[PDB]
Participant: 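There's a structure below that I have some questions on.
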Amino acid sequence: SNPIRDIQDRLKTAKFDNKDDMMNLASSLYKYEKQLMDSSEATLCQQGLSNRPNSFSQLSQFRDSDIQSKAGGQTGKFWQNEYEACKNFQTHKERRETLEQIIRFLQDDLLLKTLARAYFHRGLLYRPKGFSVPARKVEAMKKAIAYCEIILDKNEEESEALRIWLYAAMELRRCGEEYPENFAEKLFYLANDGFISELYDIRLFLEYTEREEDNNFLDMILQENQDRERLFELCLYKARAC
Amino acid sequence: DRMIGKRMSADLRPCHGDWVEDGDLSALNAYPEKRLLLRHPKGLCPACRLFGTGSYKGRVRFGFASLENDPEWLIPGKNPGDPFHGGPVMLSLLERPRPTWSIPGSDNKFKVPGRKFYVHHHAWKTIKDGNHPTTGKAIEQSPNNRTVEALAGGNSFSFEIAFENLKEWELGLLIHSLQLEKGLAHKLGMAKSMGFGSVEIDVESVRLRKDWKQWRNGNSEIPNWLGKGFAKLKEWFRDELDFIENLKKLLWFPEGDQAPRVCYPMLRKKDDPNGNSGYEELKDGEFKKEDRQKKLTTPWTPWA
Amino acid sequence: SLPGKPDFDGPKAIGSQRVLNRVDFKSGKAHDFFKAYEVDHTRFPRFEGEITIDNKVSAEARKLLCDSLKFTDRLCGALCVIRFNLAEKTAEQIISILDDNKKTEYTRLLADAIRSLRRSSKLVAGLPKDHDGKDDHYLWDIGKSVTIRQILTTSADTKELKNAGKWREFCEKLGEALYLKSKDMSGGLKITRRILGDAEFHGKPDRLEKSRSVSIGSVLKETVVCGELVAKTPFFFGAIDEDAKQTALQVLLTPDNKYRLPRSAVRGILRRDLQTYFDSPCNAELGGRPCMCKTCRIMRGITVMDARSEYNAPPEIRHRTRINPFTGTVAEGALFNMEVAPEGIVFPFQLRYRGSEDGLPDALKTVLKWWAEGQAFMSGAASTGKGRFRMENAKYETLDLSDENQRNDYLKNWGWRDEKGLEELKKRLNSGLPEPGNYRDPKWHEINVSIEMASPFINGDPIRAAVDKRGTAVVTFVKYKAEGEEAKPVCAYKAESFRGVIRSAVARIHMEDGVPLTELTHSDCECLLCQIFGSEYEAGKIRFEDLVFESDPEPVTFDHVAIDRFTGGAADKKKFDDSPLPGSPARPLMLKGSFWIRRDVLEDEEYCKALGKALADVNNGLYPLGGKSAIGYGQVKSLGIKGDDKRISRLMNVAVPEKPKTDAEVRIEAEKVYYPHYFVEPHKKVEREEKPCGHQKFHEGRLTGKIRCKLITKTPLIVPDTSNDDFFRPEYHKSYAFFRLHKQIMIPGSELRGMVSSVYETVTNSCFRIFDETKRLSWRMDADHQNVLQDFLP
RNA sequence: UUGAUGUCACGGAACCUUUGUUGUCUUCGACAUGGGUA
RNA sequence: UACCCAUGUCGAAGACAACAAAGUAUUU
Ligand SMILES: [Zn+2]
Ligand SMILES: [Zn+2]
Ligand SMILES: [Zn+2]
């Protein structure tokens with residue numbers, strides 16, 4: 001891999017006002033540290049960085065607290081996006097490694113939201129076997145809820161945090177746990193938003209339909225686009241709506 | 001204005017070294033990439049690859065040497081009934097080297113001149129007679145000088161070197177650095193500048209691990225390894241191997257009843273009953289600043 | 001309730017929360033865990049209450065109630081009977097001294113060293129002096145106002161701290177405070193969290209379970225077994241105090257600092273060994289009707305006492321590290337330390353079994369025989385030799401509780417389960433154990449090891465070096481054995497280090513699908529290294545103990561110095577020394593010990609072949625023991641094993657050319673005088689490689705072996721013995737003998753390494769390996785108007 | 001500070017993996033100090 | 001704001017750099 005060389009290339013290009021530059025620099029430095037912690041074969045690289053005063057000045061500027069902490073959330077969000085794109089081309093082992101890399105890197109509302117979504121997706125990988133659910137599935141969903149509640153304690157209108165909280169609450173119910181408290185109130189806020197962001201939301205608006213006995217949002221579902229991979233699941237939601 | 005690391009080419013500085021560039025490197029103390037500012041951009045030189053560094057274990061092991069025969073001492077012991085202890089010899093003052101002599105001034109003209117080596121000579125005969133190497137006056141006890149028990153010439157030792165994952169050219173140049181050539185010697189131990197410590201090494205045997213259950217005699221392959229070593233030096237440096245020649249001239253052992261006189265000057269010629277110049281006279285005569293680094297880097301250049 | 005209903009600040013005022021785990025039988029690794037508070041009975045032995053009875057209740061109901069209360073023998077998880085300041089001030093002062101004198105870099109070392117003083121206040125008088133025998137040591141005389149040495153001497157002489165327990169408490173609190181101050185300098189105390197698997201798991205009972213009536217019969221007997229469990233190795237029952245950060249791995253202790261053998265561990269080990277006997281794992285989950293497998297039915301009759309030791313000295317602290325196989329150096333972050341309990345501690349042991357069979361079931365008789373033969377492997381860290389016990393002085397008898405006379409006698413005495421009743425019951429127990437019928441051999445076998453070294457040896461401990469009177473930079477490992485309440489020191493080679501060496505020897509010469517076993521990650525892996533030595537997913541099948549030295553040698557100290565390649569003198573701060581154990585060809589060091597190997601490994605010819613190959617290479621001298629083998633320490637003369645029936649040990653078994661004549665010419669003039677030294681000017685080009693040869697295997701095409709050499713003196717040689725600078729006595733005039741080891745004239749390996757390294761550096765045109773880069777030169781001005789003095793202005 | 005016709009929690013080993021290790025010749029010569037006289 | 005030197009004495013280095021805990025599959 002030679003991650004030291006990658007750090008040189010980024011340090012040549014990078015300027016501190018530019019998101020992509022800092023995203024790339026943070027990514028390269030994290031990969032270097034990861035290879036050290038793994039005792040990888042890349043640890044045989046004994047070389048250092050060239051142009052020492054320039055490299056020192058640029059690294060010293062990057063490691064400013066606000067610069068690196070800013071870059072952290074953006075790198076996490078970029079990885080989370082690229083995961084949710086390539087999720088269905090990956091095998092289980094490498095889906096797992098991707099998500100756990102995101103979690104370890106991120107361990108600001110952008111960071112918390114990204115970490116909550118990463119924990120939600122890590123939990124989805126576990127599947128029940130026989131009449132037993134893995135404990136780590138419940139653990140992951142509870143940690144997602146815990147992260148979501150930092151945002152919602154100070155901004156109850158935040159749609160993404162609210163939706164992640166509601167998804168995790170529905171998975172808790174699926175595992176045979178109870179709903180967490182104030183599920184009804186938060187599920188009522190979601191209906192005050194009233195728009196489908198992703199396929200999971202269709203299952204929330206049906207829960208709202210069955211609870212408040214309100215039919216307004218069913219026409220959104222019946223008009224949803226058919227160009228989806230999990231067509232059978234969408235058709236099952238269509239049947240419930242009808 | 002400069003730290004001494006800036007008075008030599010950056011290529012000859014240690015591979016894994018200290019921060020000499022202008023700045024306060026402690027600003028990155030919390031993060032792993034700080035180490036990359038302390039390492040050469042192109043990696044490890046041969047001696048670092050063979051003998052190792054703080055971040056890379058070495059590939060050779062040096063064992064203790066043991067004397068083979070009954071000792072032959074420089075001076076007979078106080079009790080003639082005991083041959084296993086020798087008598088004392090008193091050395092003249094041992095003082096620290098001064099780099100300000102080799103680097104005469106703040107002018108950027110003056111570099112680090114090179115690697116120090118001590119020459120071979122017999123001033124130990126004067127010390128055995130109890131006299132100072134330069135002045136010839138009797139040495140006196142002081143809190144600052146030493147008395148030692150010293151072996152004579154002709155004592156023999158044996159020791160072993162273990163090695164692992166060497167290239168053939170590496171083993172060839174290691175054998176070359178051990179045995180040298182007939183007419184050359186190493187220096188070892190205390191008081192090298194007073195003529196003590198000339199030693200010669202000879203290989204007795206090389207054995208090789210073929211695998212976990214077979215070892216084999218390697219004596220037959222020694223010439224091939226030496227050939228590859230010298231071919232490697234040609235590949236790196238082509239014809240311009242002058243540093244080898246200067247090294248050999250400093251490793252040369254005087255033979256044929258030759259008797260070089262080797263000593264440091266006195267501080268002033270009035271202090272020397274032989275009548276040669278001291279440092280205070282030399283520093284504006286032969287070893288004047290514009291001439292000093294050339295004379296010091298030319299083997300066996302006389303000062304008087 | 002407690003009598004008088006007193007109040008406390010909270011649960012932590014009365015007890016400690018401890019993790020209790022569940023171990024998967026086949027992998028040997030924990031599946032999950034839960035937590036509870038434990039409250040010690042010596043602090044809170046008693047609760048009191050009332051039963052209120054209506055007058056119309058019959059006499060027979062009253063009799064049944066009273067007999068039931070006497071028969072009830074356990075509640076809230078405990079066997080029972082039913083009847084009817086300085087350290088803060090010192091830390092602040094020492095921190096002020098350190099920061100006033102700009103010596104804060106030593107905070108961590110001081111914190112660890114002061115913690116080490118907790119075992120005896122007399123150690124304060126023993127703290128090292130400087131090399132001149134004077135109070136200017138670089139740690140203890142900082143501040144030379146008062147010094148640290150004076151602060152500690154005053155504290156040790158404070159009458160409140162004269163009690164050993166108070167001194168231990170003082171040292172521990174002070175060490176923790178200095179540790180936390182040292183952590184601030186590194187950016188604060190921060191510890192990496194686990195991604196997932198960090199939550200407790202509680203068993204869920206089943207509410208749809210069906211009701212059953214079961215007879216079990218009137219035949220019912222109780223067997224009592226009494227004895228001792230004796231520590232034949234050091235042992236480790238892990239338990240972390242969350243408020244104690246300084247130590248990474250910690251031992252379980254009572255509140256008054258006695259060592260504890262907990263009930264939970266003993267039950268877990270009994271269940272494990274019973275499944276080993278029957279040779280069938282139990283698969284049952286928590287909750288639902290009780291499991292009916294043969295192990296669970298026995299465990300439902302068993303009772304065991306929680307036990308503690310009379311011995312209460314502080315634990316040892318062991319250093320531990322991990323080596324990166326590619327570079328041959330410590331891996332990033334892999335330095336940690338461990339508390340260990342000494343061998344020789346004795347625990348009371350009492351077991352009881354209730355059942356309808358005529359005695360102990362045959363499986364339990366076999367397991368107790370295994371324990372009596374010294375294969376009670378009870379504690380954690382088994383792979384590195386911790387936790388082997390022998391059951392000693394066993395006695396037993398069976399009481400028949402179907403007999404009404406016996407049963408009334410039993411009820412009258414609460415089953416003889418209190419201290420006084422126990423001392424009566426012991427008068428009627430019979431010596432020995434009941435012999436098993438269907439006996440099965442123990443699953444582990446002992447291999448005896450003996451190693452011979454013809455060189456010095458060190459297994460370094462710098463913290464012990466910081467407090468020992470001798471005052472070198474590093475000294476060798478020692479450990480302590482308990483006798484009564486006395487502690488005796490023994491020089492040893494750590495079990496962990498020896499395991500590491502053997503594991504490396506095995507891994508470097510085997511492959512899986514053409515990849516060395518050193519390079520694998522070992523996820524979903526079935527390689528022989530996982531099979532023998534274990535992994536992060538399953539326990540290993542070979543257990544290494546510490547090795548001890550025969551005939552108790554005494555350490556020797558050697559001096560060292562690094563030489564600047566330009567000046568030819570001592571490099572600025574790099575003068576140092578060590579204290580290895582002396583070993584030589586005439587008087588070699590002898591190491592003895594043993595390791596335990598599971599019998600299914602000895603039965604497998606392939607695994608035996610692998611171990612044999614590795615120990616053959618250790619016997620050949622390719623793997624030195626301990627540190628600093630670059631300068632000649634740790635060299636194995638031979639290694640031999642006994643006990644395998646030769647299943648492992650079956651595998652363990654042209655003149656040099658003339659040197660050329662030199663071409664060098666030097667011409668000497670008889671009247672001239674020459675300088676004692678000259679400088680070799682290097683070539684401009686240094687040849688570097690970004691990625692040197694890795695240590696993780698013997699690479700094909702490269703060479704490995706030994707060079708044997710002859711050295712001859714041409715002029716007189718001085719190699720001094722600097723351990724004594726006054727040898728020729730009839731600041732003073734110093735004098736030295738020639739270097740000797742066990743009265744043999746020798747040259748150290750470090751001298752030869754440095755000598756040859758200088759010439760090799762010059763021949764290959766290498767960098768100046770040793771060189772004082774950061775020195776700043778300066779020169780005197782001269783009395784010269786034009787060139788100097790007219791440029792300096794007021 | 002329980003609630004009562006129903007508690008196998010003595011129903012659960014803080015267990016598992018990690019080499020206090022890597023690098024270093026007990027060496028060795030010119031240097032200190034600040035004026036003085038017109 | 002030009003010129004000129006004068007005196008002979010003396011031990012140094014005594015550990016430094018790195019790591020300071022990290023990991024611990026539930027499945028096409
Ligand atoms: Zn180098
Ligand atoms: Zn069972
Ligand atoms: Zn494996």
Side-chain angles (χ1 to χ4, degrees), chain A residues 37 92-93 96 126 129 134, chain B residues 51-58 93-98 100-101 144 188 190 193 264 267 279, chain C residues 1 19-23 27-30 32-34 74 77 108 130-131 138 192 194 197 203 205 238-239 248 263-265 267-269 272 286 290-291 299-300 302-304 319-323 328-336 378 380 383 459-462 473 494 496-501 504 523-524 534-539 559-563 568-576 627 630 720 722 750-755 757-758 770 780 783 785:
Chain A
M37 305 294 332
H92 172 266
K93 308 299 178 68
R96 198 222 288 123
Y126 290 107
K129 289 170 285 292
Chain B
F51 290 88
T53 71
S55 65
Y56 179 69
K57 183 185 178 181
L93 216 178
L94 291 162
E95 253 282 351
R96 61 177 147 142
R98 302 308 206 282
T100 51
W101 179 251
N144 291 9
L188 184 66
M190 200 190 294
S193 64
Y264 292 116
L267 197 59
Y279 282 98
Chain C
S1 305
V19 175
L20 304 174
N21 77 11
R22 187 167 60 147
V23 184
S27 66
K29 177 183 173 87
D32 54 41
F33 73 96
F34 73 115
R74 67 204 70 202
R108 178 58 170 268
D130 82 354
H131 57 79
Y138 85 109
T192 312
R194 195 177 184 171
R263 182 220 86 191
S264 56
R267 274 187 68 90
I269 297 297
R272 187 199 67 196
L286 306 171
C291 178
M299 275 327 255
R300 203 173 296 135
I302 283 175
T303 305
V304 291
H319 305 269
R320 291 181 66 191
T321 194
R322 198 198 313 117
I323 305 305
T329 67
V330 62
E332 197 74 18
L335 176 65
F336 63 107
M378 305 208 86
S383 271
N459 189 208
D461 187 344
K494 293 155 98 280
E496 313 80 67
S497 300
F498 184 48
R499 181 183 239 261
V501 174
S504 305
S523 61
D524 304 313
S535 90
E536 72 183 8
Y537 305 110
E538 72 269 82
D559 296 285
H560 295 293
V561 69
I563 302 308
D572 189 27
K573 300 193 176 184
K574 290 183 176 169
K575 199 273 154 192
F576 60 105
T722 48
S750 49
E751 295 277 17
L752 300 170
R753 193 184 226 254
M755 185 192 78
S757 185
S758 303
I770 306 297
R780 289 298 302 185
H785 180 62

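Lettering follows sequence order; numbering is per chain, from 1. Scope of the values below: all heavy atoms of this structure, side chains included, with no hydrogens, waters or symmetry mates.
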Participant: Determine which nucleotide pairs with E:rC19, using a 3.5 Å limit on both distances of a Watson-Crick or G-U wobble pair.
Facilitator: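 Check on E:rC19: paired to D:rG20, both distances under 3.5 Å.
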
Participant: As a test of reading the structure: which of E:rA15, D:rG20, D:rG35 is closest to the side chain of C:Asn459, going by heavy atoms?
Facilitator: D:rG20

Participant: Under the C1'-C2'-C3'-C4' criterion, what is the pucker of the sugar in E:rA18: north or south?
Facilitator: north

Participant: Would D:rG6 and D:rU7 pass the stacking test, six-membered ring centres less than 5.5 Å apart and planes less than 30 degrees?
Facilitator: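 In short, no, the neighbouring bases do not stack by the stated criterion.
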
Participant: Has C:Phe576 got its ring stacked on the base of D:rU24, with centres under 5.5 Å and planes less than 30° apart?
Facilitator: yes

Participant: Using the P atoms only, state how far D:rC16 lies from E:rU27, rounded to an integer number of Å.
Facilitator: 26 Å

Participant: Do the side chain of C:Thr321 and the base of D:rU18 come within less than 3.5 angstrom through a donor-acceptor pair of N or O atoms?
Facilitator: no

Participant: Do the six-membered rings of D:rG35 and D:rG36 lie with centres under 5.5 Å apart and planes under 30° from parallel?
Facilitator: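 Yes, six-membered rings of the two bases stack.
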
Participant: Going by 5.5 Å between centroids and 30° between planes, is there a stack of C:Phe336 over E:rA21?
Facilitator: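 So C:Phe336 counts as stacking on the base.
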
Participant: With sugar-phosphate meaning primed atoms plus P, OP1 and OP2, does C:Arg753 contact a base, only sugar-phosphate, or nothing at under 4.0 Å between heavy atoms?
Facilitator: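 Sugar-phosphate: the residue C:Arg753, judged by heavy atoms under 4.0 Å, touches backbone atoms but no base.
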
Participant: Closer than 4.0 Å, any side-chain N/O of C:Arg108 to the OP1 or OP2 of E:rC19?
Facilitator: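 No, because none of the side-chain N or O atoms of C:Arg108 sits under 4.0 Å from OP1 or OP2 of E:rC19.
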
Participant: Below the 4.0 Å mark, does D:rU26 have OP1 or OP2 next to a side-chain nitrogen or oxygen of C:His560?
Facilitator: yes

Participant: What's B:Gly58 touching, base or sugar-phosphate or nothing? Going by heavy atoms closer than 4.0 Å.
Facilitator: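 Contact class for B:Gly58: sugar-phosphate only.
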
Participant: Counting side-chain heavy atoms from C-beta on, which of E:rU26, D:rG20, D:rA30 comes nearest to A:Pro134?
Facilitator: E:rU26

Participant: With a 3.5 angstrom cut-off on both distances, give the Watson-Crick or G-U wobble partner of D:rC31, or none if there isn't one.
Facilitator: E:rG8

Participant: What contact category does C:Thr192 fall into here, base, sugar-phosphate, or nothing, at under 4.0 angstrom with non-hydrogen atoms?
Facilitator: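 C:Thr192: backbone/sugar contact only, no base atoms under 4.0 Å.
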
Participant: Heavy atoms from C-beta onward define the side chain here; which of D:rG11, E:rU24, D:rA13 lies closest to that of C:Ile269?
Facilitator: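 Nearest nucleotide to the side chain: D:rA13.
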
Participant: Of the listed nucleotides (D:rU24, D:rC25, E:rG14), which one gets closest to any side-chain atom of C:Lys573?
Facilitator: E:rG14

Participant: How far apart are the closest heavy atoms of C:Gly77 and C:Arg263, and which atoms are they?
Facilitator: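 Scanning both residues, the minimum pair turns out to be O-NH1, 3.2 Å.
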
Participant: With sugar-phosphate meaning primed atoms plus P, OP1 and OP2, does C:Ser750 contact a base, only sugar-phosphate, or nothing at under 4.0 Å between heavy atoms?
Facilitator: sugar-phosphate

Participant: Is it the major or the minor groove that C:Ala248 contacts through its side chain within the 5.0 Å limit, strictly under?
Facilitator: major

Participant: Classify the side chain of C:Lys29 and the base of D:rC16 as holding, or not holding, a donor-acceptor pair under 3.5 Å.
Facilitator: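 Result: at least one qualifying N/O pair found.
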
Participant: Heavy atoms under 4.0 Å, any strand shown: does C:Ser383 hit a base, just sugar-phosphate, or nothing?
Facilitator: sugar-phosphate

Participant: Which pair of non-hydrogen atoms, one from B:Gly54 and one from C:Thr329, has the smallest distance, and what is that distance?
Facilitator: O-CG2, 4.1 Å

Participant: If the glycosidic angle is within 90 degrees of 0 it's syn, otherwise anti, so just tell me which one E:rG14 is.
Facilitator: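 With its glycosidic angle more than 90° from zero, E:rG14 counts as anti.
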
Participant: Answer yes or no as to whether D:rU17 has its base stacked against C:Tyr537, where stacking requires a ring-centre separation under 5.5 angstrom and planes under 30 degrees apart.
Facilitator: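 C:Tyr537 vs D:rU17: stacking no.
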
Participant: If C1'-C2'-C3'-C4' is positive it's north, if negative it's south, so which is the sugar of E:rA20?
Facilitator: south

Participant: Indicate, with a heavy-atom threshold strictly under 4.0 Å, whether C:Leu335 touches base, sugar-phosphate, or nothing.
Facilitator: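 Base, at least one base heavy atom under 4.0 Å.
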
Participant: Indicate, yes or no, whether a donor-acceptor pair under 3.5 Å links the base of E:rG23 to the side chain of C:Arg322.
Facilitator: no

Participant: From E:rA18, E:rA25, E:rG11, pick the nucleotide closest to the side chain of C:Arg194?
Facilitator: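 The listed nucleotide nearest to C:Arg194's side chain is E:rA25.
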
Participant: Both B:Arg98 and C:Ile563 contact RNA chain D. Which one's nearest nucleotide lies toward the 5' end?
Facilitator: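 Nearest nucleotide further toward 5': that of C:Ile563.
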
Participant: With respect to the phosphate group of D:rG20, does any side-chain polar atom (N or O) of C:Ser497 fall under 4.0 Å of OP1 or OP2?
Facilitator: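 The answer is yes; a side-chain N or O of C:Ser497 sits under 4.0 Å from OP1 or OP2.
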
Participant: Under 4.0 Å, counting only non-hydrogen atoms across every strand here, what does C:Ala239 touch: a base, just sugar-phosphate, or nothing?
Facilitator: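 Answer is nothing: C:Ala239 stays at 4.0 Å or more from every strand.
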
Participant: Does the pair D:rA9/D:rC10 satisfy a centre-to-centre distance of less than 5.5 Å between six-membered base rings together with a plane angle of less than 30°?
Facilitator: no

Participant: For C:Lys494, report the nucleic acid contact type (base, sugar-phosphate, nothing); a contact means any heavy atom under 4.0 Å.
Facilitator: sugar-phosphate

Participant: Please compare C:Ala334 and B:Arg96 by the position of their nearest nucleotide in RNA chain E and report the one closer to 5'.
Facilitator: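 Closest to the 5' end, via its nearest nucleotide, is B:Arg96.
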
Participant: Is there a donor and acceptor pair closer than 3.5 Å between the side chain of C:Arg267 and the base of D:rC10?
Facilitator: yes

Participant: Among the candidates D:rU18, D:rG11, E:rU24, find the nucleotide nearest to the side-chain atoms of C:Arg499.
Facilitator: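 Nearest listed nucleotide: D:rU18.
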
Participant: Counting any heavy atom closer than 4.0 Å, what does B:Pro97 reach on the DNA or RNA strands: base, sugar-phosphate only, or nothing?
Facilitator: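 Sugar-phosphate only.
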
Participant: Given atom NZ of A:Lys129 and atom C1' of E:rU27, what is their separation to the nearest angstrom?
Facilitator: 7 Å

Participant: Given E:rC10, D:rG34, E:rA22, identify the nucleotide with an atom nearest to the side chain of B:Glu95.
Facilitator: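 Comparing E:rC10, D:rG34, E:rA22 against the side chain of B:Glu95, the answer is E:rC10.
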
Participant: By the stacking rule (ring centres under 5.5 Å, planes under 30°), does E:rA17 stack with E:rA18?
Facilitator: yes

Participant: Taking the six-membered ring for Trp, does C:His785 stack with E:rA2 (centroid gap under 5.5 Å, planes within less than 30°)?
Facilitator: no

Participant: Across the strands shown, which category fits C:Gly238 at heavy-atom distances under 4.0 angstrom: base, sugar-phosphate, nothing?
Facilitator: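 Result for C:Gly238 = sugar-phosphate.
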
Participant: Would you please confirm or rule out a distance under 4.0 Å between OP1 or OP2 of D:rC10 and any side-chain N or O of C:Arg263?
Facilitator: yes

Participant: For D:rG34, take OP1 and OP2 only and decide whether either is under 4.0 Å from a side-chain N or O of C:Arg780.
Facilitator: yes

Participant: For RNA chain D, whose closest nucleotide is more 5', that of C:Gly627 or that of B:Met190?
Facilitator: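 Nearest-nucleotide comparison on RNA chain D picks C:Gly627.
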
Participant: Nearest to the side chain of B:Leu93, heavy atoms from C-beta on, is which of D:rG11, E:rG11, D:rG29?
Facilitator: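 Selected nucleotide (nearest to the side chain): D:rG29.
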
Participant: What is the distance from CZ of C:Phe498 to P of D:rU19, rounded to the nearest Å?
Facilitator: 14 Å

Participant: With rounding to the closest Å, how many angstrom separate the P atoms on D:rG11 and D:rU7?
Facilitator: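 My reading of the P atoms in D:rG11 and D:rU7 gives 14 Å.
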
Participant: Just to confirm, do E:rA12 and E:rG11, adjacent in the strand, meet the stacking rule in which the six-membered ring centres are under 5.5 angstrom apart and the planes are under 30°?
Facilitator: yes

Participant: When the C1' atoms of D:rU17 and E:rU24 are compared, how many Å lie between them, rounded to an integer?
Facilitator: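 It comes out at 8 Å once rounded to the nearest Å.
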
Participant: State whether the distance check finds a donor on one side and an acceptor on the other, under 3.5 Å, for side chain C:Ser758 versus base D:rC25.
Facilitator: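 A donor-acceptor contact between them is present.
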
Participant: On the nucleotide E:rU26, are OP1 or OP2 found under 4.0 Å from the side-chain N or O atoms that A:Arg96 carries?
Facilitator: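 So the side-chain polar atoms of A:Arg96 do come within 4.0 Å of the phosphate oxygens OP1 or OP2 of E:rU26, strictly under.
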
Participant: Considering Watson-Crick and G-U wobble pairs with both distances under 3.5 Å, what does E:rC3 pair with?
Facilitator: D:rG36

Participant: Nearest to the C:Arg320 side chain among D:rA30, D:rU18, E:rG11, which nucleotide is it?
Facilitator: D:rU18

